[PDB]
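Here the structure is laid out as structure tokens; the discussion comes afterwards.
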Amino acid sequence: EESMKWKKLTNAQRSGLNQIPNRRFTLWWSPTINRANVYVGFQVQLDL
RNA sequence: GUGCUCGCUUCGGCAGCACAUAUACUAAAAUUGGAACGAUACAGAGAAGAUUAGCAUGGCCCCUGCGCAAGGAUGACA
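For full-length UniProt numbering, add 1509 to where a residue sits in the first sequence, where the first one is 1.
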């Protein structure tokens, strides 16, 4: 992600690269955000 | 069918008369065909650059060598 910070990327490529911090934050707090206490509703299993 | 004709005619009947005027995708049944993104089976990183190593070229500035052209200043008695 650091090496790609300056490599002449298109706007759509950079927009899809400023999401890694959000993905890492969501994964760090995943045992709390994905809880079924928060987000009441049906649960879905990843098929692997 | 109902009721009526001063009709034939008998109450057993007959001839005529008024009203009735055109429903239905019509259908109960006939058959043989073509068929999932529903399951199981497979795969499943389901969103990234699709790369980095040398050398040479190209630009600028010196230094050295060779060539071409045009030149400058200087040196040498018997």
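Think of the CB as a built atom: it goes at the ideal place given N, C-alpha and C, for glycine as much as any other residue.
- Going by beta carbons, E1511 and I1529 fall outside the 7 Å limit.
- A straight-line Cα-Cα distance of about 37 Å links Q1552 and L1518.
- The alpha-carbon of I1542 is positioned some 32 Å away from that of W1515.
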